[PDB]
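Chain nomenclature is as follows: A, B, C, D, E and F, assigned in order of appearance, with residue numbering initiated at 1 for each chain independently.
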Amino acid sequence: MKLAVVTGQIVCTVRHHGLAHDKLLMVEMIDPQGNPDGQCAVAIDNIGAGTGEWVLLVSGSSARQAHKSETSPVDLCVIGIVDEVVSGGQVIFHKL
Amino acid sequence: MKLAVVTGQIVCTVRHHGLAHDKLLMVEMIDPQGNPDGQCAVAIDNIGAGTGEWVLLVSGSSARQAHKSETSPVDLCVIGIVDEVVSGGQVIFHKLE
Amino acid sequence: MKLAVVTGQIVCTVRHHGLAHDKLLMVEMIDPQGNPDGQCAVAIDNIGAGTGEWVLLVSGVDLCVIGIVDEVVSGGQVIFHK
Amino acid sequence: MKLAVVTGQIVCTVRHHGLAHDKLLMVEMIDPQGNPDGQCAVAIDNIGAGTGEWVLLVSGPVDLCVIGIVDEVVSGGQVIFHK
Amino acid sequence: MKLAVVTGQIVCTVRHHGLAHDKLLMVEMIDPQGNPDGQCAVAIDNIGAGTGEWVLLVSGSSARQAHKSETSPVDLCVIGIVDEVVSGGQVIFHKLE
Amino acid sequence: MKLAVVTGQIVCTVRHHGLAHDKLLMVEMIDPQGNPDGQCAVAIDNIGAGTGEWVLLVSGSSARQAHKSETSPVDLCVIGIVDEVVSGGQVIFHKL
């Protein structure tokens, strides 16, 4: 499980039917401190995260489960939006 | 998933039955700034992507599910053709140039 | 498995229902000598570890707390105690 | 999946009976530009590829398995391999 | 599998139920020449290894199977205590040395 | 799947009961191509390979299957002994 920032959005009209009508968001991995890994990816989204918001990503077979079921053709899925990250009385990230 | 550009194709007349008669695309990955990275591979495709087009790729067991089932001998599968990619408040790719 | 110190907490009220009734921790890994080793990470936590506590982590999403560490002894010497 | 050239054969008469009726190949991976890329490997083969032939390899009974023999490869407009 | 030296131990009174009451050893891996390499870890143990002793370690899903089943939350498990290691026609470790 | 050379033997009297009475061999992975390298490991063996002989190793869940079943507590198993390796028709390794 990893933290990531939603950097944007991808649009595929012709797509695999098992993606339903869920958003495909451009996500860029970060350290929990907030350090871009350069690592880019596209994550399916059914929670409803917007760009700039920090998200919690699950990959692999859990990414399938998290999206819907084992049938899902996904290897990367957003399972949470971050409200804040604290570090002993200090809020290093907060959602606005 | 990952973004790649269909750079070409592979033709295997003699092939594993679980590949069906689906297409075998040469794909090169794409980076945040919208550019072809170093990384390359071959991905199966029944959606019908063509060379030059950008595609969304799934890998590992998910690719097997995507293509057919765990019977499928694939580690990479195309799950969509990309119409446009908007990142950082800027359109970094669009079909219609 | 790996040792780590809980450096903080990640809050997610809006969350996947499968992840429900779990805590999300910010953790920093501990090197062979009992020192925090820079590389920070995110771990799932259903035991209930607070910041400052040491935790045992299994790698298999990925990081999960599988215990809170009362003490650690190395080559004869205690390198950590609650 | 990955492209590779069959560089040779590994012979094992004494073998696990589950592995029976398969061929063991020595393969070298092929980079984006159609050149052998140094990193050699071992692949299982139940199709039947000889040395010199190019093969398609899936990564996933152990790791590398030949899932086809390559008749030709075209990249950015240009044919980089033909049988 | 891998050879390691039990260098110490970890005590977790509050712990996941699927760890049972098994021991939690600090293990450092060993290299071909018979020496403690850099790599270290914590491994579960119901065989009963003691500090100083060399042990055979299994990792990943195999470790879960080794310890109990896929219910076990472990990525490392001891599967034996090493009496001796003979390599290159030379005894490179023995209990009684 | 990887090539390896059996460099020696390990002896564990007190051992996991799911190892039966099978040999535990010191194995050193073979570089590309012809000689060994740093990578060391211990592989379970039920084929019966001796020291110096080149072996075919399977790891992970297949290593479990190859040894006996999913029950097996092994992450590395020898599934073949090499008779020979031929490059471009040039026997680079042959068994004595």
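Details
In this text, a contact is a pair of C-beta atoms (placed from the backbone, for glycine too) under 8 Å apart; a residue touches a chain by one contact, two chains touch by 3 or more.
Least step count on the touch graph, chain C to chain D: 3. Chain pair with the larger contact count among A-B and C-E is A-B, by C-beta pairs in contact. Work out the mean CA point of chain B and of chain D, and you get 21 Å between them. Separation between the centroids of chain A and chain C, computed from CA atoms only, is 22 Å.
Centre-to-centre separation of chain D and chain E, using mean CA positions: 37 Å.
Those residues of chain F in touch with two or more other chains are numbered 60. In terms of inter-chain touching, the protein chains here make up one closed cycle, each touching precisely two others. Ring order, beginning with chain A and continuing to chain B: A, B, D, F, E, C.
Those residues of chain D lying in contact with chain B across their complex are 1-3, 31-32, 47, 56, 58-60, 65, 67-77, 80. Those residues of chain F that touch chain E in the shared complex are 7-16, 18-19, 24, 26, 28, 38, 40-44, 51, 60-61, 63-64, 70-76.
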